[PDB]
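This is data.cif. It holds mmCIF, N, CA and C atoms.
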data_query
loop_
_atom_site.label_atom_id
_atom_site.label_comp_id
_atom_site.auth_asym_id
_atom_site.auth_seq_id
_atom_site.Cartn_x
_atom_site.Cartn_y
_atom_site.Cartn_z
N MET A 1 13.30 -10.93 -18.97
CA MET A 1 14.08 -9.70 -18.64
C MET A 1 14.91 -9.26 -19.84
N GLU A 2 14.96 -7.98 -20.09
CA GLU A 2 15.75 -7.47 -21.22
C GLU A 2 16.86 -6.58 -20.65
N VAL A 3 18.00 -7.15 -20.40
CA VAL A 3 19.12 -6.37 -19.82
C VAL A 3 20.11 -5.95 -20.90
N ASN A 4 20.93 -4.97 -20.62
CA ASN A 4 21.92 -4.51 -21.63
C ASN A 4 23.21 -5.31 -21.48
N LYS A 5 24.10 -5.21 -22.43
CA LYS A 5 25.38 -5.96 -22.33
C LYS A 5 25.94 -5.89 -20.91
N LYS A 6 25.92 -4.74 -20.30
CA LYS A 6 26.46 -4.62 -18.92
C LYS A 6 25.58 -5.41 -17.97
N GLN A 7 24.30 -5.17 -17.98
CA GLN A 7 23.42 -5.95 -17.08
C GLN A 7 23.51 -7.42 -17.46
N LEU A 8 23.56 -7.71 -18.74
CA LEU A 8 23.67 -9.13 -19.19
C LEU A 8 24.98 -9.72 -18.69
N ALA A 9 26.08 -9.07 -18.96
CA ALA A 9 27.38 -9.61 -18.47
C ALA A 9 27.38 -9.62 -16.94
N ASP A 10 26.68 -8.69 -16.35
CA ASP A 10 26.60 -8.63 -14.86
C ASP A 10 25.64 -9.71 -14.35
N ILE A 11 24.48 -9.82 -14.94
CA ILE A 11 23.51 -10.86 -14.49
C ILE A 11 24.17 -12.23 -14.60
N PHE A 12 25.12 -12.37 -15.47
CA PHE A 12 25.81 -13.67 -15.62
C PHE A 12 27.19 -13.58 -14.96
N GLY A 13 27.53 -12.43 -14.43
CA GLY A 13 28.86 -12.28 -13.79
C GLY A 13 29.94 -12.49 -14.85
N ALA A 14 29.56 -12.46 -16.11
CA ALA A 14 30.56 -12.66 -17.19
C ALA A 14 31.26 -11.34 -17.53
N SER A 15 31.86 -11.29 -18.68
CA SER A 15 32.53 -10.04 -19.12
C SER A 15 31.75 -9.49 -20.30
N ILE A 16 31.43 -8.25 -20.26
CA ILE A 16 30.66 -7.66 -21.39
C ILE A 16 31.38 -8.02 -22.68
N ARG A 17 32.65 -8.25 -22.58
CA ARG A 17 33.41 -8.66 -23.79
C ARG A 17 32.87 -10.00 -24.22
N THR A 18 32.59 -10.83 -23.26
CA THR A 18 32.02 -12.15 -23.57
C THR A 18 30.66 -11.90 -24.19
N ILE A 19 30.01 -10.86 -23.75
CA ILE A 19 28.70 -10.50 -24.33
C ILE A 19 28.94 -10.00 -25.75
N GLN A 20 30.07 -9.37 -25.96
CA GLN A 20 30.41 -8.88 -27.31
C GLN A 20 30.76 -10.08 -28.16
N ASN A 21 31.21 -11.13 -27.53
CA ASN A 21 31.55 -12.36 -28.29
C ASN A 21 30.30 -13.21 -28.42
N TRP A 22 29.38 -13.03 -27.52
CA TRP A 22 28.11 -13.79 -27.58
C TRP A 22 27.26 -13.26 -28.71
N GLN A 23 27.08 -11.97 -28.76
CA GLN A 23 26.28 -11.37 -29.84
C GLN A 23 26.72 -11.95 -31.17
N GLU A 24 27.97 -12.34 -31.25
CA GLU A 24 28.50 -12.90 -32.51
C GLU A 24 28.44 -14.44 -32.49
N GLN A 25 27.98 -15.02 -31.42
CA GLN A 25 27.91 -16.50 -31.35
C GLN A 25 26.49 -16.97 -31.66
N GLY A 26 25.60 -16.06 -31.93
CA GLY A 26 24.20 -16.44 -32.25
C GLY A 26 23.35 -16.32 -30.99
N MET A 27 23.64 -15.36 -30.15
CA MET A 27 22.84 -15.21 -28.90
C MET A 27 21.55 -14.42 -29.17
N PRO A 28 20.50 -14.86 -28.53
CA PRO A 28 19.19 -14.19 -28.68
C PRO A 28 19.20 -12.85 -27.95
N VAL A 29 19.74 -11.85 -28.57
CA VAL A 29 19.75 -10.52 -27.91
C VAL A 29 18.40 -9.85 -28.16
N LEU A 30 17.93 -9.10 -27.21
CA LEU A 30 16.60 -8.45 -27.36
C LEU A 30 16.51 -7.63 -28.65
N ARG A 31 17.19 -6.52 -28.72
CA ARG A 31 17.12 -5.69 -29.96
C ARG A 31 18.08 -6.24 -31.01
N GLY A 32 18.30 -5.51 -32.07
CA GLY A 32 19.22 -6.01 -33.13
C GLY A 32 20.60 -5.38 -32.97
N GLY A 33 20.67 -4.23 -32.35
CA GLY A 33 21.99 -3.55 -32.15
C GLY A 33 22.87 -3.73 -33.39
N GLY A 34 22.27 -3.83 -34.55
CA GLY A 34 23.08 -4.01 -35.78
C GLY A 34 23.07 -2.71 -36.60
N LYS A 35 22.59 -1.64 -36.04
CA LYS A 35 22.56 -0.35 -36.79
C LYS A 35 23.01 0.79 -35.88
N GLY A 36 24.26 0.79 -35.50
CA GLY A 36 24.76 1.88 -34.62
C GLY A 36 24.05 1.81 -33.26
N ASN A 37 23.40 0.71 -32.98
CA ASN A 37 22.69 0.58 -31.68
C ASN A 37 23.56 -0.16 -30.67
N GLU A 38 22.97 -0.70 -29.63
CA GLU A 38 23.78 -1.42 -28.61
C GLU A 38 23.25 -2.83 -28.39
N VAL A 39 22.17 -3.15 -29.02
CA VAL A 39 21.60 -4.51 -28.86
C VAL A 39 21.29 -4.80 -27.38
N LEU A 40 20.08 -5.20 -27.09
CA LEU A 40 19.72 -5.54 -25.69
C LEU A 40 19.88 -7.04 -25.50
N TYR A 41 19.44 -7.58 -24.41
CA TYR A 41 19.62 -9.05 -24.22
C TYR A 41 18.47 -9.68 -23.44
N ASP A 42 17.77 -10.60 -24.05
CA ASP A 42 16.67 -11.27 -23.31
C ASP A 42 17.29 -12.04 -22.15
N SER A 43 17.52 -11.37 -21.05
CA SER A 43 18.16 -12.02 -19.87
C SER A 43 17.76 -13.49 -19.76
N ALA A 44 16.57 -13.84 -20.15
CA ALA A 44 16.16 -15.26 -20.05
C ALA A 44 16.49 -16.01 -21.34
N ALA A 45 16.18 -15.44 -22.46
CA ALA A 45 16.52 -16.13 -23.73
C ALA A 45 18.03 -16.14 -23.85
N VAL A 46 18.66 -15.19 -23.21
CA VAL A 46 20.14 -15.12 -23.24
C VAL A 46 20.73 -16.31 -22.48
N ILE A 47 20.07 -16.78 -21.45
CA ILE A 47 20.64 -17.95 -20.71
C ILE A 47 20.27 -19.24 -21.41
N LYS A 48 19.01 -19.43 -21.69
CA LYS A 48 18.61 -20.67 -22.38
C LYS A 48 19.62 -20.94 -23.51
N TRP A 49 20.12 -19.87 -24.08
CA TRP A 49 21.13 -19.98 -25.17
C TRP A 49 22.55 -20.00 -24.58
N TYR A 50 22.75 -19.41 -23.42
CA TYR A 50 24.11 -19.41 -22.81
C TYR A 50 24.29 -20.66 -21.94
N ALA A 51 23.22 -21.17 -21.42
CA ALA A 51 23.31 -22.38 -20.57
C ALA A 51 23.48 -23.61 -21.45
N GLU A 52 23.02 -23.53 -22.67
CA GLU A 52 23.14 -24.69 -23.59
C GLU A 52 24.50 -24.72 -24.30
N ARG A 53 25.41 -23.86 -23.93
CA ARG A 53 26.73 -23.87 -24.62
C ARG A 53 27.71 -22.86 -24.00
N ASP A 54 27.21 -21.78 -23.47
CA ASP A 54 28.12 -20.76 -22.87
C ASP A 54 28.38 -21.08 -21.40
N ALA A 55 28.06 -22.27 -20.98
CA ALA A 55 28.31 -22.63 -19.56
C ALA A 55 29.82 -22.65 -19.28
N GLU A 56 30.62 -22.56 -20.31
CA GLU A 56 32.10 -22.55 -20.10
C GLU A 56 32.59 -21.12 -19.94
N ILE A 57 31.93 -20.18 -20.57
CA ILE A 57 32.34 -18.76 -20.46
C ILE A 57 32.64 -18.39 -19.01
N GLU A 58 31.79 -18.78 -18.10
CA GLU A 58 32.01 -18.45 -16.68
C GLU A 58 33.46 -18.75 -16.35
N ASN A 59 34.06 -19.60 -17.12
CA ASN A 59 35.46 -19.94 -16.85
C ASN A 59 36.39 -18.77 -17.16
N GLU A 60 35.91 -17.77 -17.85
CA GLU A 60 36.79 -16.60 -18.16
C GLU A 60 37.48 -16.13 -16.87
N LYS A 61 36.76 -16.12 -15.79
CA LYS A 61 37.36 -15.69 -14.49
C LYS A 61 37.95 -16.90 -13.78
N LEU A 62 37.65 -18.08 -14.24
CA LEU A 62 38.19 -19.31 -13.60
C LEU A 62 39.49 -19.74 -14.29
N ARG A 63 40.19 -18.82 -14.90
CA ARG A 63 41.45 -19.19 -15.60
C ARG A 63 42.64 -18.43 -15.01
N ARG A 64 42.48 -17.86 -13.85
CA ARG A 64 43.61 -17.10 -13.23
C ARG A 64 44.64 -18.08 -12.65
N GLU A 65 44.66 -18.25 -11.36
CA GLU A 65 45.63 -19.20 -10.75
C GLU A 65 44.89 -20.16 -9.81
N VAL A 66 43.82 -20.73 -10.30
CA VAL A 66 43.02 -21.67 -9.45
C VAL A 66 43.66 -23.06 -9.45
N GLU A 67 44.68 -23.26 -10.23
CA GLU A 67 45.34 -24.60 -10.27
C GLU A 67 46.60 -24.55 -11.13
N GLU A 68 46.47 -24.09 -12.35
CA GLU A 68 47.65 -24.02 -13.25
C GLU A 68 47.60 -22.74 -14.09
N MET B 1 26.06 -10.18 -10.58
CA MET B 1 24.77 -9.49 -10.26
C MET B 1 24.09 -10.17 -9.08
N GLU B 2 23.39 -9.40 -8.31
CA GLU B 2 22.66 -9.96 -7.15
C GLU B 2 21.21 -9.49 -7.25
N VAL B 3 20.39 -10.23 -7.94
CA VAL B 3 18.97 -9.81 -8.11
C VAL B 3 18.12 -10.37 -6.97
N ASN B 4 16.90 -9.92 -6.84
CA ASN B 4 16.03 -10.42 -5.74
C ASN B 4 15.04 -11.46 -6.30
N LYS B 5 14.22 -12.02 -5.45
CA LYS B 5 13.25 -13.05 -5.92
C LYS B 5 12.52 -12.61 -7.19
N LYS B 6 12.32 -11.34 -7.37
CA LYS B 6 11.61 -10.87 -8.59
C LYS B 6 12.59 -10.78 -9.75
N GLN B 7 13.51 -9.87 -9.66
CA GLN B 7 14.50 -9.74 -10.76
C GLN B 7 15.04 -11.12 -11.12
N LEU B 8 15.26 -11.95 -10.12
CA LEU B 8 15.79 -13.32 -10.37
C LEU B 8 14.89 -14.06 -11.35
N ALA B 9 13.63 -14.16 -11.04
CA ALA B 9 12.72 -14.86 -11.98
C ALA B 9 12.78 -14.14 -13.32
N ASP B 10 13.08 -12.87 -13.27
CA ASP B 10 13.21 -12.09 -14.53
C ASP B 10 14.51 -12.50 -15.23
N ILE B 11 15.53 -12.77 -14.46
CA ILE B 11 16.83 -13.19 -15.06
C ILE B 11 16.59 -14.29 -16.08
N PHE B 12 15.81 -15.26 -15.71
CA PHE B 12 15.53 -16.38 -16.63
C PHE B 12 14.14 -16.21 -17.23
N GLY B 13 13.54 -15.06 -17.05
CA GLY B 13 12.17 -14.86 -17.60
C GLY B 13 11.28 -15.94 -17.02
N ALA B 14 11.70 -16.53 -15.93
CA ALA B 14 10.91 -17.60 -15.28
C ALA B 14 9.78 -17.00 -14.45
N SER B 15 9.19 -17.80 -13.62
CA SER B 15 8.12 -17.29 -12.73
C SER B 15 8.65 -17.36 -11.31
N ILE B 16 8.48 -16.32 -10.57
CA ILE B 16 9.01 -16.33 -9.18
C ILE B 16 8.63 -17.63 -8.48
N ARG B 17 7.48 -18.16 -8.78
CA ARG B 17 7.09 -19.44 -8.14
C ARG B 17 8.16 -20.48 -8.49
N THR B 18 8.76 -20.35 -9.64
CA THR B 18 9.85 -21.28 -10.02
C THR B 18 11.05 -20.92 -9.17
N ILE B 19 11.26 -19.64 -8.96
CA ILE B 19 12.38 -19.21 -8.09
C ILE B 19 12.16 -19.79 -6.70
N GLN B 20 10.92 -19.92 -6.32
CA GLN B 20 10.60 -20.51 -5.00
C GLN B 20 10.95 -21.99 -5.05
N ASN B 21 10.98 -22.53 -6.24
CA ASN B 21 11.34 -23.96 -6.39
C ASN B 21 12.86 -24.06 -6.51
N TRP B 22 13.48 -23.00 -6.95
CA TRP B 22 14.97 -22.99 -7.08
C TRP B 22 15.60 -22.86 -5.70
N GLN B 23 15.08 -21.97 -4.90
CA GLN B 23 15.63 -21.77 -3.54
C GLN B 23 15.52 -23.08 -2.75
N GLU B 24 14.69 -23.99 -3.19
CA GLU B 24 14.55 -25.28 -2.46
C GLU B 24 15.14 -26.44 -3.27
N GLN B 25 15.61 -26.16 -4.46
CA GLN B 25 16.20 -27.25 -5.29
C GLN B 25 17.72 -27.30 -5.11
N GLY B 26 18.26 -26.33 -4.44
CA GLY B 26 19.74 -26.31 -4.22
C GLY B 26 20.34 -25.14 -5.01
N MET B 27 19.60 -24.08 -5.14
CA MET B 27 20.10 -22.90 -5.91
C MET B 27 20.95 -22.00 -5.01
N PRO B 28 22.00 -21.48 -5.59
CA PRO B 28 22.92 -20.59 -4.84
C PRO B 28 22.32 -19.19 -4.69
N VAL B 29 21.52 -19.01 -3.69
CA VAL B 29 20.96 -17.66 -3.47
C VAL B 29 22.02 -16.84 -2.73
N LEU B 30 22.14 -15.59 -3.06
CA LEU B 30 23.19 -14.73 -2.44
C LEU B 30 23.29 -14.97 -0.93
N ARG B 31 22.35 -14.50 -0.19
CA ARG B 31 22.39 -14.67 1.28
C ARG B 31 21.51 -15.84 1.71
N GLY B 32 21.71 -16.34 2.90
CA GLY B 32 20.86 -17.46 3.37
C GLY B 32 19.44 -16.93 3.53
N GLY B 33 19.30 -15.64 3.66
CA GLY B 33 17.95 -15.03 3.81
C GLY B 33 17.52 -15.08 5.28
N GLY B 34 18.18 -15.88 6.08
CA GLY B 34 17.79 -15.97 7.51
C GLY B 34 16.27 -16.10 7.60
N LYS B 35 15.66 -16.62 6.58
CA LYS B 35 14.18 -16.76 6.60
C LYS B 35 13.54 -15.48 7.15
N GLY B 36 13.55 -14.43 6.37
CA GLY B 36 12.96 -13.15 6.84
C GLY B 36 14.00 -12.03 6.69
N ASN B 37 15.17 -12.35 6.22
CA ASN B 37 16.21 -11.30 6.04
C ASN B 37 16.11 -10.67 4.65
N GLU B 38 16.58 -11.36 3.64
CA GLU B 38 16.50 -10.80 2.26
C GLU B 38 17.23 -11.73 1.27
N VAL B 39 17.05 -13.02 1.40
CA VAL B 39 17.74 -13.97 0.46
C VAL B 39 17.77 -13.39 -0.95
N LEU B 40 18.95 -13.13 -1.45
CA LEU B 40 19.08 -12.59 -2.83
C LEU B 40 19.45 -13.73 -3.77
N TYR B 41 19.82 -13.44 -4.97
CA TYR B 41 20.17 -14.54 -5.90
C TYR B 41 21.31 -14.14 -6.82
N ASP B 42 22.44 -14.79 -6.70
CA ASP B 42 23.59 -14.42 -7.59
C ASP B 42 23.20 -14.67 -9.04
N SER B 43 22.60 -13.70 -9.65
CA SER B 43 22.16 -13.85 -11.06
C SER B 43 23.16 -14.66 -11.88
N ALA B 44 24.43 -14.56 -11.59
CA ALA B 44 25.41 -15.35 -12.40
C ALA B 44 25.56 -16.75 -11.81
N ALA B 45 25.58 -16.87 -10.52
CA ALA B 45 25.70 -18.22 -9.93
C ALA B 45 24.35 -18.91 -10.06
N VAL B 46 23.30 -18.12 -10.07
CA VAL B 46 21.94 -18.70 -10.21
C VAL B 46 21.77 -19.31 -11.60
N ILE B 47 22.59 -18.93 -12.56
CA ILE B 47 22.44 -19.54 -13.91
C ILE B 47 23.34 -20.75 -14.05
N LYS B 48 24.61 -20.57 -13.85
CA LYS B 48 25.54 -21.72 -13.97
C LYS B 48 24.89 -22.93 -13.27
N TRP B 49 24.12 -22.65 -12.26
CA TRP B 49 23.41 -23.72 -11.50
C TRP B 49 22.06 -24.02 -12.17
N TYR B 50 21.46 -23.03 -12.80
CA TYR B 50 20.15 -23.26 -13.47
C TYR B 50 20.39 -23.82 -14.87
N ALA B 51 21.48 -23.45 -15.47
CA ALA B 51 21.80 -23.94 -16.83
C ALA B 51 22.23 -25.40 -16.74
N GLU B 52 22.66 -25.81 -15.58
CA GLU B 52 23.11 -27.22 -15.43
C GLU B 52 21.99 -28.11 -14.87
N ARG B 53 20.85 -27.56 -14.54
CA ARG B 53 19.75 -28.41 -13.99
C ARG B 53 18.38 -27.75 -14.15
N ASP B 54 18.32 -26.44 -14.17
CA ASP B 54 17.00 -25.76 -14.31
C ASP B 54 16.62 -25.63 -15.78
N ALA B 55 17.30 -26.33 -16.64
CA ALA B 55 16.96 -26.25 -18.08
C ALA B 55 15.61 -26.93 -18.33
N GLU B 56 15.08 -27.57 -17.32
CA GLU B 56 13.75 -28.24 -17.47
C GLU B 56 12.64 -27.24 -17.16
N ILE B 57 12.86 -26.39 -16.20
CA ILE B 57 11.86 -25.36 -15.83
C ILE B 57 11.05 -24.87 -17.04
N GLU B 58 11.74 -24.32 -18.01
CA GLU B 58 11.05 -23.76 -19.20
C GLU B 58 10.18 -24.82 -19.83
N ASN B 59 10.36 -26.04 -19.45
CA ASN B 59 9.56 -27.11 -20.05
C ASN B 59 8.09 -27.00 -19.61
N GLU B 60 7.83 -26.31 -18.54
CA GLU B 60 6.42 -26.19 -18.06
C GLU B 60 5.50 -25.84 -19.22
N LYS B 61 5.84 -24.84 -19.97
CA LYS B 61 4.98 -24.46 -21.13
C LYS B 61 4.96 -25.59 -22.15
N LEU B 62 5.85 -26.52 -22.01
CA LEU B 62 5.91 -27.67 -22.97
C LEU B 62 4.94 -28.77 -22.54
N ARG B 63 5.07 -29.26 -21.34
CA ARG B 63 4.16 -30.34 -20.87
C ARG B 63 2.75 -29.79 -20.67
N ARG B 64 2.63 -28.54 -20.32
CA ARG B 64 1.27 -27.95 -20.12
C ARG B 64 0.53 -27.88 -21.46
N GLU B 65 1.11 -27.24 -22.43
CA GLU B 65 0.45 -27.14 -23.76
C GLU B 65 0.76 -28.37 -24.61
N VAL B 66 1.23 -29.43 -24.00
CA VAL B 66 1.55 -30.66 -24.79
C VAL B 66 0.37 -31.03 -25.69
N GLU B 67 -0.82 -31.02 -25.15
CA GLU B 67 -2.01 -31.38 -25.98
C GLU B 67 -2.43 -30.19 -26.84
N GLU B 68 -2.51 -29.03 -26.27
CA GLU B 68 -2.92 -27.83 -27.05
C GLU B 68 -4.07 -28.17 -27.99
#
Encoded form (structure tokens):
Amino acid sequence: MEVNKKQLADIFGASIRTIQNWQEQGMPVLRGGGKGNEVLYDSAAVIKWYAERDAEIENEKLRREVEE
Amino acid sequence: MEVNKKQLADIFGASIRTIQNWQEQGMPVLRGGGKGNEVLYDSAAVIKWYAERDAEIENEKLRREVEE
């Protein structure tokens, strides 16, 4: 699947900002989005790469008042 | 995101047949599906759970073409 930052951040329930931080973390984004573009995201290659290290990002929403 | 059995397999670029193995492996599908309702798949919860255990799935192309 090739989703956009919004669909990617949505498919992962993450924050597109996290997607903006992912594109800079070495994430396998579909297009290059390095020339005034928006860069797409291999929804599947995006996880194989997000599941092997971005499994903590989901915590972005798990840092409110769930304990401290 | 709440994708369906198809988009879901697309989320991980997997094969819906794998999604059929996820719904029985302990995957967090959106609704229970009432077996005939519309079991969906929390594209984001479906990964945090697939990234922590479905990281083998993609291995199919590995053990299959092992001999090649």
Could you list, as a PyMOL selection string, every residue matched by the PyMOL selection byres ((chain A) within 7 of (chain B)) in this structure?
chain A and resi 1-2+9-14+42-45+47-48+50-52+55
I'd like the superposed chain A, fitted onto chain B by least squares over all Cα atoms in order, as a compact mmCIF listing (two decimals) with N, CA and C atoms, keeping the file's coordinate frame.
# COMPACT_ATOMS: atom_id res chain seq x y z
N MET A 1 25.83 -10.67 -11.33
CA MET A 1 24.58 -9.90 -11.05
C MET A 1 23.85 -10.50 -9.85
N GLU A 2 23.33 -9.67 -8.99
CA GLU A 2 22.60 -10.17 -7.82
C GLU A 2 21.15 -9.69 -7.93
N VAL A 3 20.31 -10.49 -8.52
CA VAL A 3 18.89 -10.09 -8.70
C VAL A 3 18.01 -10.71 -7.63
N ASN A 4 16.83 -10.18 -7.43
CA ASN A 4 15.92 -10.74 -6.40
C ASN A 4 15.05 -11.83 -7.02
N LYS A 5 14.37 -12.60 -6.21
CA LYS A 5 13.50 -13.67 -6.77
C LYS A 5 12.73 -13.16 -7.99
N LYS A 6 12.19 -11.98 -7.93
CA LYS A 6 11.43 -11.45 -9.10
C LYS A 6 12.38 -11.22 -10.25
N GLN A 7 13.44 -10.49 -10.03
CA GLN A 7 14.40 -10.28 -11.14
C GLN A 7 14.97 -11.62 -11.56
N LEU A 8 15.25 -12.49 -10.61
CA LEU A 8 15.80 -13.83 -10.95
C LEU A 8 14.77 -14.60 -11.77
N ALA A 9 13.56 -14.71 -11.29
CA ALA A 9 12.53 -15.44 -12.08
C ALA A 9 12.28 -14.70 -13.40
N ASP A 10 12.44 -13.41 -13.38
CA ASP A 10 12.25 -12.61 -14.63
C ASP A 10 13.46 -12.77 -15.55
N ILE A 11 14.65 -12.65 -15.01
CA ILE A 11 15.87 -12.81 -15.86
C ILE A 11 15.84 -14.19 -16.50
N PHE A 12 15.18 -15.12 -15.89
CA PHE A 12 15.11 -16.48 -16.47
C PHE A 12 13.72 -16.68 -17.09
N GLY A 13 12.86 -15.69 -16.99
CA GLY A 13 11.50 -15.84 -17.55
C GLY A 13 10.78 -16.97 -16.82
N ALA A 14 11.32 -17.40 -15.70
CA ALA A 14 10.68 -18.50 -14.94
C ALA A 14 9.57 -17.96 -14.03
N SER A 15 9.20 -18.74 -13.06
CA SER A 15 8.16 -18.28 -12.10
C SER A 15 8.84 -18.10 -10.75
N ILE A 16 8.62 -17.00 -10.13
CA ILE A 16 9.27 -16.77 -8.81
C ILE A 16 8.97 -17.97 -7.93
N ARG A 17 7.90 -18.64 -8.22
CA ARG A 17 7.58 -19.87 -7.44
C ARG A 17 8.67 -20.87 -7.72
N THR A 18 9.10 -20.92 -8.94
CA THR A 18 10.20 -21.83 -9.30
C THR A 18 11.42 -21.36 -8.55
N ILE A 19 11.52 -20.07 -8.36
CA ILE A 19 12.65 -19.52 -7.58
C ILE A 19 12.47 -19.93 -6.13
N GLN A 20 11.23 -20.03 -5.71
CA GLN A 20 10.95 -20.46 -4.32
C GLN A 20 11.25 -21.94 -4.22
N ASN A 21 11.16 -22.62 -5.33
CA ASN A 21 11.47 -24.08 -5.32
C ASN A 21 12.96 -24.25 -5.55
N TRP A 22 13.57 -23.29 -6.17
CA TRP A 22 15.03 -23.35 -6.42
C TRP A 22 15.77 -23.13 -5.12
N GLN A 23 15.42 -22.10 -4.41
CA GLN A 23 16.08 -21.82 -3.12
C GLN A 23 16.13 -23.10 -2.30
N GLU A 24 15.18 -23.97 -2.52
CA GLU A 24 15.13 -25.23 -1.76
C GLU A 24 15.80 -26.37 -2.55
N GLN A 25 16.27 -26.10 -3.73
CA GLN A 25 16.92 -27.16 -4.54
C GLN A 25 18.43 -27.07 -4.41
N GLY A 26 18.92 -26.12 -3.65
CA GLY A 26 20.38 -25.97 -3.47
C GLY A 26 20.89 -24.90 -4.44
N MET A 27 20.11 -23.89 -4.69
CA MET A 27 20.57 -22.83 -5.63
C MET A 27 21.46 -21.80 -4.91
N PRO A 28 22.48 -21.38 -5.61
CA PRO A 28 23.41 -20.38 -5.05
C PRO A 28 22.75 -19.01 -5.00
N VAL A 29 21.96 -18.78 -4.00
CA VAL A 29 21.31 -17.45 -3.89
C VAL A 29 22.30 -16.48 -3.24
N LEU A 30 22.27 -15.25 -3.65
CA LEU A 30 23.23 -14.25 -3.10
C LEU A 30 23.19 -14.21 -1.57
N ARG A 31 22.15 -13.69 -0.99
CA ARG A 31 22.08 -13.63 0.50
C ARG A 31 21.61 -14.97 1.06
N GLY A 32 21.29 -15.02 2.32
CA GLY A 32 20.83 -16.31 2.92
C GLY A 32 19.31 -16.34 3.00
N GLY A 33 18.68 -15.19 3.05
CA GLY A 33 17.19 -15.14 3.13
C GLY A 33 16.67 -16.25 4.04
N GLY A 34 17.44 -16.64 5.03
CA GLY A 34 16.98 -17.72 5.94
C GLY A 34 16.60 -17.12 7.30
N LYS A 35 16.52 -15.82 7.39
CA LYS A 35 16.15 -15.19 8.70
C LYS A 35 15.14 -14.07 8.46
N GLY A 36 13.95 -14.42 8.05
CA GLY A 36 12.92 -13.38 7.81
C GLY A 36 13.36 -12.47 6.65
N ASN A 37 14.34 -12.89 5.90
CA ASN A 37 14.82 -12.06 4.77
C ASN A 37 14.17 -12.51 3.46
N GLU A 38 14.75 -12.16 2.34
CA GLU A 38 14.14 -12.56 1.04
C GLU A 38 15.15 -13.31 0.17
N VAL A 39 16.35 -13.39 0.63
CA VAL A 39 17.39 -14.11 -0.16
C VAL A 39 17.54 -13.48 -1.56
N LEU A 40 18.75 -13.13 -1.92
CA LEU A 40 18.98 -12.56 -3.27
C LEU A 40 19.40 -13.68 -4.21
N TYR A 41 19.84 -13.37 -5.39
CA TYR A 41 20.24 -14.48 -6.31
C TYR A 41 21.40 -14.09 -7.22
N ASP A 42 22.50 -14.79 -7.11
CA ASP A 42 23.64 -14.47 -8.01
C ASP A 42 23.20 -14.76 -9.44
N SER A 43 22.54 -13.82 -10.06
CA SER A 43 22.03 -14.01 -11.45
C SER A 43 22.97 -14.91 -12.26
N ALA A 44 24.24 -14.86 -12.02
CA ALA A 44 25.17 -15.72 -12.80
C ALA A 44 25.38 -17.06 -12.09
N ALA A 45 25.61 -17.03 -10.82
CA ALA A 45 25.79 -18.32 -10.10
C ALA A 45 24.45 -19.03 -10.11
N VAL A 46 23.40 -18.27 -10.22
CA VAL A 46 22.04 -18.86 -10.26
C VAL A 46 21.86 -19.65 -11.56
N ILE A 47 22.48 -19.23 -12.64
CA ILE A 47 22.31 -20.01 -13.91
C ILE A 47 23.28 -21.17 -13.93
N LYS A 48 24.54 -20.91 -13.70
CA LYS A 48 25.51 -22.02 -13.71
C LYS A 48 24.89 -23.21 -12.94
N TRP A 49 24.10 -22.88 -11.95
CA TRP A 49 23.41 -23.93 -11.14
C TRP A 49 22.05 -24.26 -11.75
N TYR A 50 21.44 -23.34 -12.46
CA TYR A 50 20.11 -23.62 -13.08
C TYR A 50 20.31 -24.23 -14.48
N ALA A 51 21.40 -23.91 -15.11
CA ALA A 51 21.66 -24.46 -16.46
C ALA A 51 22.14 -25.90 -16.34
N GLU A 52 22.73 -26.23 -15.21
CA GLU A 52 23.23 -27.62 -15.02
C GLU A 52 22.14 -28.56 -14.52
N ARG A 53 20.91 -28.12 -14.47
CA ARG A 53 19.84 -29.02 -13.97
C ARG A 53 18.45 -28.37 -14.06
N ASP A 54 18.38 -27.08 -13.93
CA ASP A 54 17.05 -26.40 -14.00
C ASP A 54 16.71 -26.04 -15.44
N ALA A 55 17.40 -26.61 -16.38
CA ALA A 55 17.09 -26.30 -17.80
C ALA A 55 15.69 -26.82 -18.16
N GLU A 56 15.10 -27.60 -17.28
CA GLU A 56 13.73 -28.12 -17.56
C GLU A 56 12.69 -27.16 -17.01
N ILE A 57 13.01 -26.47 -15.94
CA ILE A 57 12.05 -25.50 -15.35
C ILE A 57 11.40 -24.65 -16.43
N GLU A 58 12.17 -24.14 -17.35
CA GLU A 58 11.61 -23.29 -18.42
C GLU A 58 10.37 -23.98 -18.95
N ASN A 59 10.29 -25.26 -18.76
CA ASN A 59 9.12 -25.99 -19.27
C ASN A 59 7.87 -25.64 -18.47
N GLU A 60 8.01 -25.01 -17.34
CA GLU A 60 6.80 -24.64 -16.54
C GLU A 60 5.78 -23.95 -17.46
N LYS A 61 6.25 -23.11 -18.33
CA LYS A 61 5.32 -22.41 -19.27
C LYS A 61 5.16 -23.24 -20.54
N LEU A 62 5.98 -24.24 -20.72
CA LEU A 62 5.88 -25.10 -21.93
C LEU A 62 4.99 -26.32 -21.65
N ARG A 63 4.09 -26.21 -20.71
CA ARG A 63 3.22 -27.37 -20.38
C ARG A 63 1.75 -27.01 -20.58
N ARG A 64 1.47 -25.95 -21.28
CA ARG A 64 0.05 -25.55 -21.51
C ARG A 64 -0.58 -26.46 -22.57
N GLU A 65 -0.74 -25.97 -23.77
CA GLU A 65 -1.34 -26.81 -24.84
C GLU A 65 -0.44 -26.77 -26.09
N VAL A 66 0.84 -26.99 -25.88
CA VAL A 66 1.80 -26.95 -27.03
C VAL A 66 1.78 -28.29 -27.78
N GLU A 67 1.06 -29.25 -27.28
CA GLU A 67 1.01 -30.58 -27.97
C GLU A 67 0.00 -31.49 -27.30
N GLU A 68 0.13 -31.68 -26.01
CA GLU A 68 -0.82 -32.57 -25.28
C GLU A 68 -1.15 -31.98 -23.90
Please return, as a PyMOL selection string, all residues of chain A that DSSP assigns to strand (DSSP E or B) on the basis of the backbone.
chain A and resi 2-4+40-42
Filtered DSSP result for chain A, state helix (DSSP H, G or I), as JSON, numbers by chain
{"A": [5, 6, 7, 8, 9, 10, 11, 16, 17, 18, 19, 20, 21, 22, 43, 44, 45, 46, 47, 48, 49, 50, 54, 55, 56, 57, 58, 59, 60, 61, 62, 63]}
